[PDB]
Amino acid sequence: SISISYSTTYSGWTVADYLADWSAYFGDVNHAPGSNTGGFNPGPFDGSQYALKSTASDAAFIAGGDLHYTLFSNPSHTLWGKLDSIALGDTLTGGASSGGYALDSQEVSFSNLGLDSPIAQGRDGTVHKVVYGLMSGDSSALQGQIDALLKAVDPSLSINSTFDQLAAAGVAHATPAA
């Protein structure tokens, strides 16, 4: 089952509102900005983490699992593999040469996502869509996966539940405010 960690600052917020405010704070890598590419750990093009900071703000996210980028190989420009976790917050630190990426202010994380996208699906894979959406101001793909994992625990839950309601259902725990 999905596991959620949230700063106690967000206990009374809904998941959907948190994600919408985070996304607006991150911005969109396209309609506004050499080059802030993000990074894989260990990298250069695969790793157990892919981390990206916004060019417009201090917002950042870290995707965790077993992730691969095809570059020009067939199918080109595809992020694929296992996506176990998404951590969201402010101010990326660390890297491959440091024991891994971390967030200075980790706000919310979603773990045991159980997403697995094989290379054959290319850019149509769910992993690709989740991660790309997070940098382009549209977390709807992530929200859709979270909502389905929550409903598999209890059909009354949804991305419109508050973090406190999710803690009552056993899948989320609060952490000290940063």
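As a basis for the values below, the full set of heavy atoms in this structure was taken, side chains included, without hydrogen atoms, waters or symmetry mates. Here, residue 1 is the first one in the sequence, and each next residue gets the next number.
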Given 3.5 Å as the limit, does a donor-acceptor pair link the side chain of [X] with the main chain of [Y], or not?
{"X": "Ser54", "Y": "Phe26", "answer": "yes"}
{"X": "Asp147", "Y": "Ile159", "answer": "yes"}
{"X": "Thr78", "Y": "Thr70", "answer": "no"}
{"X": "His128", "Y": "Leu79", "answer": "yes"}

So how far is it from [X] [atom1] to [Y] [atom2], rounded to the nearest 0.5 Å?
{"X": "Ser117", "Y": "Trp80", "atom1": "OG", "atom2": "CH2", "result": "10.0 Å"}
{"X": "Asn41", "Y": "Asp46", "atom1": "CG", "atom2": "CG", "result": "11.5 Å"}
{"X": "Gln165", "Y": "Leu150", "atom1": "CD", "atom2": "CG", "result": "11.0 Å"}

Testing the basics here: between [X] and [Y], what is the closest heavy-atom pair and its distance to 0.1 Å?
{"X": "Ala63", "Y": "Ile86", "result": "CB-CD1, 3.8 Å"}
{"X": "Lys53", "Y": "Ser57", "result": "NZ-O, 2.6 Å"}
{"X": "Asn30", "Y": "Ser136", "result": "ND2-CB, 3.9 Å"}
{"X": "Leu113", "Y": "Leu83", "result": "CB-O, 3.6 Å"}
{"X": "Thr162", "Y": "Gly12", "result": "CG2-O, 3.7 Å"}
{"X": "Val171", "Y": "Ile2", "result": "CB-O, 3.6 Å"}

Transitive ILVMFWY side-chain link [X] to [Y], under 4.5 Å:
{"X": "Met135", "Y": "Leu88", "answer": "yes"}
{"X": "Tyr50", "Y": "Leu92", "answer": "no"}
{"X": "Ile4", "Y": "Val153", "answer": "yes"}
{"X": "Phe45", "Y": "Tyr132", "answer": "yes"}
{"X": "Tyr101", "Y": "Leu134", "answer": "no"}

Practice item. Could you walk me through whether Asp104 and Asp58 pass side-chain contact (heavy atoms from CB on, under 4.5 Å), step by step? Key: CA-CA 10 Å; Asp104 191 45; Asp58 293 338; over 6 Å; no

Review point. Between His173 and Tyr6, is the ring centre distance below 6.0 Å?
Key: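 Centroid distance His173-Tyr6: not below 6.0 Å, so no.
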
Exercise for review: Just say parallel, tilted or perpendicular for the rings of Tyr69 and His77, cut-offs at 30° and 60°.
Suggested key: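 Answer is tilted, since the angle falls between 30° and 60°.
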
Practice item. Check the angle between the aromatic planes of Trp13 and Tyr10 and answer parallel, tilted or perpendicular using the 30° and 60° thresholds. Key: perpendicular

**Study point:** Donor on one side chain, acceptor on other, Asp138 and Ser140, under 3.5 Å
**Key:** yes

Point to revise | Partners passing salt bridge (charged side-chain N to carboxylate O under 4.0 Å, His left out) against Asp90 (at least two apart in sequence or in another chain) | key: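 So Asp90 forms no salt bridge (charged side-chain N to carboxylate O under 4.0 Å, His left out) with any residue.
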
Review point. Going by the side chain to side chain donor-acceptor pair (under 3.5 Å) test, which pairs reach into residues 152-161, not counting sequence neighbours?
Key: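 Pairs touching residues 152-161 that pass the test: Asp154-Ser156.
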
Check your understanding: Side chains of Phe110 and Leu149: does their closest heavy-atom pair fall under 4.5 Å?
Key ->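 A side-chain contact under 4.5 Å is absent here.
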
